[PDB]
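Shown next as structure tokens: one chain only, the form deposited in one PDB entry.
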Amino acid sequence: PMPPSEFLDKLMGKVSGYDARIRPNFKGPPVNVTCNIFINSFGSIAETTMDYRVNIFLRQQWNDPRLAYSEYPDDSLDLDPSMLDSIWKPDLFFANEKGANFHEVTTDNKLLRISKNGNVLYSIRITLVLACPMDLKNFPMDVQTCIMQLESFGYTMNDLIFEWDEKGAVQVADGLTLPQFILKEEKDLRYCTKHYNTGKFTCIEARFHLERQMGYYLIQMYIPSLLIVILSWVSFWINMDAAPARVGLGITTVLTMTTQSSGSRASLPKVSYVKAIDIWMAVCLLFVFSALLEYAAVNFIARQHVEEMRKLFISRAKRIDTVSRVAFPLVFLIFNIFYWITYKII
């Protein structure tokens, strides 16, 4: 028996009329290409650019009746990746590519095998930098949905149809972890059939649900913003004689809170709307600033201190600074309920 590389030159040579520019079942039913991916690496999910980098094995399966053999004994024949220019292949591309490349280290990372009835398996390795728009309205508590979609470029719907296979259309590697996110296991699979003025082109897509890890933002930003509000509360047990101190405590804390609020969006997209980390920093900016205006209502209410009213204005100040030892640690805890319950129902 002749070896398979001299046998595939009989199937696909100038004899037997095989032509790699012509799809299987020409002037007939469309080619049913069935696809599944295997994610090796995932991550570097940037939000200034609103993209993410994935590293997949793209497997494609179709049927080519011109490649059906009956004389060679074994059930499968592998091509050299040097000879991939000699079969028909689907012109799959990604509708949100934003740059991608193959991998060509020590050999083209391409796989091709042909069964007896003409089933062709074609597996390649691609690195993609896919685009996904980020919905950052509830920013440390959001569930991002970033997609990837696989279209035909030249063949319309009456010539080539993509499908996901029903035997696990998206596999993920064994210990694939993410530093900021967790990848939920349920991955939605649906159609995205495009209509241009050239024609209608097939499309299938896969949704990936990315839920954040709140444990980072809870340490860097939610706790040090909770402490500086408590620095405003220690201004109330100091008497109304250390006016360089309680104003110096009402200023050094209200201006380091502006640093926390400006530093809370140092590596984010410049979005128009207000997000959930913003209505935490701006409300904690209000408590650190209303404790300064509390002292201006103490230093002025005792400045106006004819023998009873000048004693009445000393004890009026000693009552307005005993409500703020309760009202500010009780309004701030009502906000701690109406914030975390609000961003746990959604």
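C-alpha atoms forming the largest set that superposes within 1.5 Å between two forms make up the rigid core. Residues that one form lacks are left out of the comparison. Throughout, we count residues from 1 along the sequence that is shown.
If you look for the form deposited in another entry, you will not find it shown, but the lines that follow are about it.
The residue among 189, 157, 173, 240 whose Cα moves by 2 angstroms or more between this form and the one not shown, once the core is superposed, is 240. After superposition on the rigid core, the Cα atom of residue 313 is displaced by 2 Å or more between this form and the one not shown. Displacement of the C-alpha atoms by 2 Å or more across three or more consecutive residues between this form and the one not shown, following core superposition, is confined to the runs 237 to 245, 306 to 311, 313 to 315.
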